[PDB]
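What follows is one chain in structure tokens, specifically the form deposited in one PDB entry.
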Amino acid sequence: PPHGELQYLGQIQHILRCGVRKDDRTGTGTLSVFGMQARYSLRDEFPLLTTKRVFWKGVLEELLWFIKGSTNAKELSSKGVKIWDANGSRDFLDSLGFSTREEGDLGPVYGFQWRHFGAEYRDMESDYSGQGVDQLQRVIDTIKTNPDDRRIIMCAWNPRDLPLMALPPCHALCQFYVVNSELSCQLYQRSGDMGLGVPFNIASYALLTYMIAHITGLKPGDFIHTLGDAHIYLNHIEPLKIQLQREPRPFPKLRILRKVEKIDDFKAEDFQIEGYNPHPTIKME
């Protein structure tokens, strides 16, 4: 009765067996399935994949960067995490018509949507204090005062702001749920590169759930990963096949090293991944 990492590997196998050939904007080509769902227990385990090493430092720094409301790729890059740098480049920005935008200015992406949904975006340096909807703090407040609420949603998909963004968000929304003192999170991810993006994305939302569980005095329950276009790039098939034959090691644990009161107060040094024993990195695309 597959659990943990086997859910992810079962998804890869399903796409290899049942996915259909489908081109993408890059003309690379994929095998693709529309609509998948996996459940990862968070109960005394943290779903950082072991069949290939996941970029944990990237996961953690990106999430803290989102939490601070930043839309400046330079602020993430300064932490040694370069994953958004190409989308903030001078050439890239110009290709989108944003010639007067300063380098690094991703537009109203995750950070802005999460803390200031509906505010008027100006640039990455503007003071947005008190503007728009602080969905992250509202989620936290609702969990505290009305844990049964069926509307605990944080939504990054903002149709009005899409044309200003460097890239449209893949993580369109997430929803939280509480029962029996456990906090669960479901992510709606519209588009998933199973080889390169998805392991990172699972660890991101499991981490967010651990953070909010910590702040609200609850235990982490499940992370439910829902995909729209779940795809494997054709040039990832052979590497993933090698990966698929590797035995998972038990998932590590995540420790939070002090009592933290407010979501904005977490720092990277507050977190420790314990007993992570991955098989070596597998290079993909």
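We call the rigid core whatever largest set of C-alpha positions still superposes within 1.5 Å between the two forms. From 1 onward, residues are counted along the sequence shown.
There is also a form deposited in another entry; it is not shown, and the following applies to it.
Subject >> Answer among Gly195, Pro147, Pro168, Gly132 for the CA shift between this form and the one not shown that reaches 2 Å or more, rigid core superposed >> reply: The one that moves 2 Å or more is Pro168.
Original post:
Is there a C-alpha shift of 2 Å or more at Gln245 between this form and the one not shown once the rigid core is superposed?
Top reply: Comparing the forms between this form and the one not shown, which are aligned on their rigid core, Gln245 does not shift its C-alpha by 2 Å or more.
**OP:** Classify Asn158 as shifted (yes) or not shifted (no) between this form and the one not shown, where shifted means its C-alpha moves by 2 Å or more with the rigid core superposed.
**Re:** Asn158 C-alpha, core-superposed: shift of 2 Å or more.
Original post:
Aligning on the rigid core, do we see the C-alpha of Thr28 shift 2 angstroms or more between this form and the one not shown?
Top reply: Shift at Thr28: 2 Å or more after core fit.
Original post:
Which is it in the other form for the CA atoms of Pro159 and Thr30, closer or farther than here, knowing they shift by 3 Å or more?
Top reply: Closer, not farther.
Original post:
With a C-alpha distance change of 3 Å or more, do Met211 and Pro169 lie closer or farther in the other form?
Top reply: Farther, not closer.
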